[PDB]
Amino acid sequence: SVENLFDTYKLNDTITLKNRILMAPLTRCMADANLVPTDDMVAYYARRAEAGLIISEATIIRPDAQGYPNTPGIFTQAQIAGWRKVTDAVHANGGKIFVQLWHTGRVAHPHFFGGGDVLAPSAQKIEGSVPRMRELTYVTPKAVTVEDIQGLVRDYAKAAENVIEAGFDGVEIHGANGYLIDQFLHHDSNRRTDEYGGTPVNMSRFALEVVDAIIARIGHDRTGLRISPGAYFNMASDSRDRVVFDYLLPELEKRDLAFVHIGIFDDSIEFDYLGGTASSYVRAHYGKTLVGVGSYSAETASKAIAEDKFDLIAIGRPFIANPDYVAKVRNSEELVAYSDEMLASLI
């Protein structure tokens, strides 16, 4: 029995979720040429509104954040209007939705933004090329200056303001999966020797500045953060990364965020450097609402939550394969297994 998945969950004084099931953020690359959410996207999100909370696909804060085709933005008025259709539809269907705010850092590609500079903490290129594209090899980033950083913080904050204009319930800051914020938090990507590198406090500085700027614009109750203490996507591991997160997590707790959310694909994986699974590491160092994710069935998620491993469960691939995931779980119906083939279709 997975009855606990359908508990009401009070995130905070502003937001109460009707159940513990979140739709995980899932890039689909289906926005229009202007990076505006389409009416097909509106329908896609609207039909998943039985989720306690939807986290949107990663949404770029400005043009030089783009690293994949057709990923929506929220920096133009047209994008705001397109997103307003999405949020209105979700709300009309009895749901709630946060936008996931994205900058890809060294994983951006200049093909998407007129040949400009790719930005990152340090000039450390990742291997390979953009997936599902013809020969877009990743490039050596420019190490951002402190002035670049100030502009990036500003643009995260402005994006957050725009999110509220677009009618979202809040923001999940994308601090995970090897993208810009995560790049500051790991030694592979952050080789800086200024106030944004070297020490745990310094490496955490960018993440905390973005969090604080966004809170100052839209409020802590409407601000969550996704993190990846375990390196796994476009990120080489480093035994020293753990102490950065040892510092970051208590600092994050001071901000009384709506939630912290793990970024991983299979949370049953144990990380040597974390002394166990990603969620268990975070749970041991962070005492507020935690969203678990990664290869959980409704059954294993229910048990984890019962055992106080985390509080909310994000579901990704099964929500792609089953738009009616929540109803099927509620009624013990057969779930279709996800296959990569399903990404071609937006249903």
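One-based numbering along the sequence shown. Here, rigid core means the biggest group of C-alpha atoms that superpose within 1.5 Å across both forms.
Participant: After a rigid core fit, does 131-139 or 105-113 show more C-alpha displacement in 6 other deposited structures of this protein?
Facilitator: Comparing 105-113 with 131-139, the one that moves more in 6 other deposited structures of this protein is 131-139.
Participant: Tell me which stretch, 271-279 or 108-116, has the higher mean Cα B-factor listed in the entry.
Facilitator: Looking at the record's C-alpha B-factors, the answer is 271-279.
Participant: Once you work out the mean C-alpha B-factor for both 292-300 and 55-63 from the entry, which is higher?
Facilitator: Between 292-300 and 55-63, it is 292-300 that shows the higher mean C-alpha B-factor.
Participant: Kindly indicate the residue among 44, 68, 319, 286 with the greatest C-alpha B-factor in the PDB record.
Facilitator: The record points to 286.
Participant: Hey, out of 156, 179, 184, 247, whose CA B-factor is highest in the deposited coordinates?
Facilitator: Highest CA B-factor of the listed options: 247.
Participant: Check where residue 236 lands among this chain's C-alpha B-factors and tell me if it's the lowest, middle or highest third.
Facilitator: Within its chain, residue 236 is a highest-third residue by C-alpha B-factor, going by the deposited values.
Participant: Quick check for you: using the entry's CA B-factors within this chain, is residue 314 in the lowest, middle or highest third?
Facilitator: It belongs to the lowest third of the chain when residues are ordered by C-alpha B-factor.
Participant: Splitting the chain's C-alpha B-factors into thirds, which one does residue 130 fall into?
Facilitator: It belongs to the middle third of the chain when residues are ordered by C-alpha B-factor.
Participant: Name the third of the chain's ranked CA B-factors that contains residue 263, choosing lowest, middle or highest.
Facilitator: According to the entry, residue 263 has a C-alpha B-factor in the chain's lowest third.
Participant: Test of reading the entry: by CA B factor among the chain's modelled residues, which third contains residue 89?
Facilitator: Middle third - that is where residue 89 ends up once the chain's C-alpha B-factors are sorted.
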